[PDB]
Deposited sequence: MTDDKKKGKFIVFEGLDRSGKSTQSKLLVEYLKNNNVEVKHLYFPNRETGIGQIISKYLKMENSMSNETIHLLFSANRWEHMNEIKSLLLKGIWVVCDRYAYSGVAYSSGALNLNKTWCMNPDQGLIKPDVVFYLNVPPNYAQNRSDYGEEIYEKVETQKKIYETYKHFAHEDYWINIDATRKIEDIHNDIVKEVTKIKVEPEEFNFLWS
């Protein structure tokens, strides 16, 4: 059966204003009587995300491949829920997804892009990705401007795709929000078949 709700993902560097923009969009949709669930990745839904939290805080040392696969497993454990919501007509707004998986691991950990993409192959594909673009310039494992710049580069792997909407996120919060709302209004309203990464 068809996907009735719409699925919006935010991407961007650590300091790009995703939680503010994703929150404002959720508010906006609820105010237009759209039913909507706000999700983010990584999260601590299960023991998998608890391990990810220790990694981010540098409490444990993990191999590149080990952590990369936990980040993907954290998404797969939400596919039943995301499929169910979208089937019912409930929208999903999600802060980070598989594109973070690929950009952070290939950029910061120098893992091969294709190897990074494989485990997320088959995830539900969003309707659109808003990339909050903030050039990095002058607590957590990847917080260090040179590492941010490496990840800024690997994020360009997706820059040419039809679903990828670049948003200049150096602008005023209100103007970024208005730009995002303008784009969301363009989304097709009718139900559609589910698509999957990396189609």
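Worksheet entry | Unmodelled ranges, which are counted on the deposited sequence from position 1 and given in order | No coordinates exist for the deposited residues in 1-3, 142-149, so these stretches are absent from the model.
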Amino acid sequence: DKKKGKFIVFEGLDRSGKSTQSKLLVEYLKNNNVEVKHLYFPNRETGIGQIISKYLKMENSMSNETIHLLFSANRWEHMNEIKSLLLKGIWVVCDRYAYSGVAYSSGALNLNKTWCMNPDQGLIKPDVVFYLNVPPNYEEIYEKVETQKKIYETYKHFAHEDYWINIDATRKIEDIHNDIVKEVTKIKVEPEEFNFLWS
From here on, numbers count along this sequence of modelled residues.
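C-alpha atoms forming the largest set that superposes within 1.5 Å between two forms make up the rigid core.
Worksheet item: Core-aligned, which moves more in 6 other deposited structures of this protein: 40-48 or 55-63, by CA RMS?
Response: When 40-48 and 55-63 are compared in 6 other deposited structures of this protein, the bigger C-alpha shift is seen for 40-48.
Worksheet entry | Stretch with the higher entry mean CA B-factor, where the candidates are 95-103 and 76-84 | It is 76-84 that shows the higher mean C-alpha B-factor.
Item to complete: Averaging the C-alpha B factors as listed in the entry, name the stretch that ends up higher: 2-10 or 188-196.
Response: According to the entry, 188-196 carries the higher average C-alpha B-factor.
Item to complete: Name the one of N33, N133, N43, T66 with the greatest CA B-factor according to the PDB entry.
Response: Highest CA B-factor of the listed options: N33.
Worksheet item: What third of its chain's C-alpha B-factors does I165 belong to: lowest, middle or highest?
Response: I165: CA B-factor falls in the middle third of its chain.
Practice prompt. Looking at the entry's B-factor column for C-alpha atoms only, identify whether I48 ranks in the lowest, middle or highest third of its chain.
Written response: As the PDB entry reports it, the C-alpha B-factor of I48 lands in the lowest third of its chain.
Discussion item. Going by the CA temperature factor in the PDB record, which third of the chain does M62 belong to: lowest, middle or highest?
Written reply: It belongs to the highest third of the chain when residues are ordered by C-alpha B-factor.
Discussion item. Sorting by Cα B-factor within the chain, modelled residues only, which third would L56 end up in: lowest, middle or highest?
Written reply: Middle third by C-alpha B-factor.
Worksheet entry | Within-chain third of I151 by Cα B-factor, per the entry | Middle third - that is where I151 ends up once the chain's C-alpha B-factors are sorted.
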